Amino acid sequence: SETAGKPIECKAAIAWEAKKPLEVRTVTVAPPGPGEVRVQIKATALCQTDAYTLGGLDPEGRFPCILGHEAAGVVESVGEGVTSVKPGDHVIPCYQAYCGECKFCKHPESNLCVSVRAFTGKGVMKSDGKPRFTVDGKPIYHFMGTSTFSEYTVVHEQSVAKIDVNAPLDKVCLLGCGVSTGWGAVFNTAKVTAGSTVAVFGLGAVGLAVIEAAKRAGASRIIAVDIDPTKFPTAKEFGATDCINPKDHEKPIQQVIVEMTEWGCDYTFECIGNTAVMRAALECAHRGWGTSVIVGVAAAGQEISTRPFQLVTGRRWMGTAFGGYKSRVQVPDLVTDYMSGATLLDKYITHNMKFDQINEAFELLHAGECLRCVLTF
């Protein structure tokens, strides 16, 4: 290969500091060390969590860094000892790793692998405690183990899902986070049963994916809740049977939902990251057995609260990370389901833009004027 074993100079978007626009400029990407994989990113999308860290809300936020964690690409080279993938393989980098041997990888009800979290959480690589990006010789740190806002990135082997080489990379990049999180909140965390009632709070990409999955699970009623009523027609397209703007109501939203359903919904999902709405979703879960799943990411430190009477009388409060999917095992299964024509994945992409317009994609996201923007180089 032309580039194997060599640093690569390529285009990237650098967050030099919090709460400034990103700089699209050249970065130097080192070759992969032992157990590492260098990936050519072919397509990458923006997630609310990228904006969260950019805005200074990440406790472990480390600058300068390259954000991005929803992507798909092609293996450029692998470091020493890597056997699971080879150059040319099509891959999705996974912010949730999978090693298959730790306590979490072996438990059927967790995906929270601890193989590399200590290093990806600090924006470096496990093999030497250092990042792989440099600008004028100075280190630029990784984000969420993936750093997909770069033509080339280096990731741990445990973070590399190898996918159907025939799947379109500018579509299945979405499976790297948001859509997969919403689907798995339904199929893995809540395990929604046929005939059940569901409420979804927040109608961005994650909430729509909750709706899509709940319809596939056979839900009999799906109540879409958002304070932006321009999101309602798409929610109905994905299967919502009701749409509710909390601002059209004097009562707190949890009371409105309970009144609509007498006792609450069998399942509720919070897909925003707002702790007040998290409480609301718990309190309109059905009396006696209702389950409420936190999908969104709240600002660090902020607490959720409710009266314990809510749980004593049968409601269950839980949460999910990456929809509970064991990444390297199950992300390929999600791609297969897409290839079978069973999903609406294509309908989440509202904008296809060039990487140079990345800051405009953040503005579209911040305005709620997109579901997903897929960037290409």
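Quick note: we count residues from 1 along the sequence shown, nothing fancier.
294-302 or 111-119, whichever carries the higher mean Cα B-factor: Of 294-302 and 111-119, the stretch with the higher C-alpha B-factor average is 294-302.
Of 192-200 and 221-229, the stretch whose C-alpha atoms average the higher B-factor in the entry: Higher mean C-alpha B-factor: 221-229.
Candidate residues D128, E283, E212, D266, the one whose C-alpha B factor the record puts highest: If I rank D128, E283, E212, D266 by C-alpha B-factor, first place goes to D128.
Residue selected from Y52, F322, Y338, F309 by maximal Cα B factor: That would be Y52.
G35 by Cα B-factor - lowest, middle or highest third of the modelled chain: Its C-alpha B-factor belongs to the middle third of this chain's values.
Within-chain third of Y348 by Cα B-factor, per the entry: According to the entry, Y348 has a C-alpha B-factor in the chain's middle third.
Where the record places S327 (Cα B-factor, split into thirds across the chain): It belongs to the lowest third of the chain when residues are ordered by C-alpha B-factor.
Cα B factor band for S84 (lowest, middle or highest third within the chain): Highest third.
Chain-relative CA temperature factor third for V78: It belongs to the highest third of the chain when residues are ordered by C-alpha B-factor.
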